[PDB]
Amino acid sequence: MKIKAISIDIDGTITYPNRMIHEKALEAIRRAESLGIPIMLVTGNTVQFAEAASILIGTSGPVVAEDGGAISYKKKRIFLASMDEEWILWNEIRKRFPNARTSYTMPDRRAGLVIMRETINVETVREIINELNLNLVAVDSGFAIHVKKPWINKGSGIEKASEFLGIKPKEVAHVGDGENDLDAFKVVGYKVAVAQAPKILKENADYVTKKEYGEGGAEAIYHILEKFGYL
């Protein structure tokens, strides 16, 4: 089919390594929007962070946050999961690993427990999940540990976001930089990975940009616009 929207990660994709917005990605996004191609920001950060990013950058597509657990579009928030077993898990960690900590953003989240990977390894988290017998998965992005329901991921988030836009998920082109972007790659029509992305993501991408980080995100957007006749 045809590509009608571009989904793209925030951190490591439209930013500098320190997470601040990269001017080249900012401009590429604004040009894409002006060409009638909505940009859907995707992130493991909170839905509030994602909304702020959309407002400041100027994106018009729904935002997919909490790694696909939360979606916001036109000021309407929709959460694809709620928390319960995550509290059972954390309480056990609290009692057994007094140095373990969760993200300061937990008050804002509703579809995933975020743990500071520097305070406890994901292996230990998974062991407890198995012990208490919980229907949860723990994923280490290398930056933080996300504990969530098995069905929650960037792919399912993008599929739902696509509904709000009125398009098919296969009409979306995704730009990512990490391993969990494989989930998004699975549901979309075109797949792009920025230069510093893991081998596993690159192998599954239709195109790997020459540049990494923000410049890569900009390159990815231009590649998509050009390949699908928008520019």
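Residue numbers here begin at 1 and follow the sequence given.
Between 121-129 and 107-115, the higher mean Cα B-factor belongs to 121-129.
As the entry records it, the average C-alpha temperature factor is higher for 92-100, out of 92-100 and 67-75. Comparing the C-alpha B-factors of 44, 58, 61, 178 in the entry, the top value falls on 178.
If you compare the C-alpha temperature factors of 51, 203, 33, 27 in the entry, 203 comes out highest. Per the PDB record, residue ranking by Cα B-factor puts residue 3 in the highest third of the chain.
Among the modelled residues of the chain, residue 84 sits in the middle third by CA temperature factor in this PDB entry. The deposited CA B-factor of residue 187 belongs to the highest third of values across its chain.
Among the modelled residues of its chain, residue 165 has a C-alpha B-factor that falls in the highest third, as given in the PDB entry.
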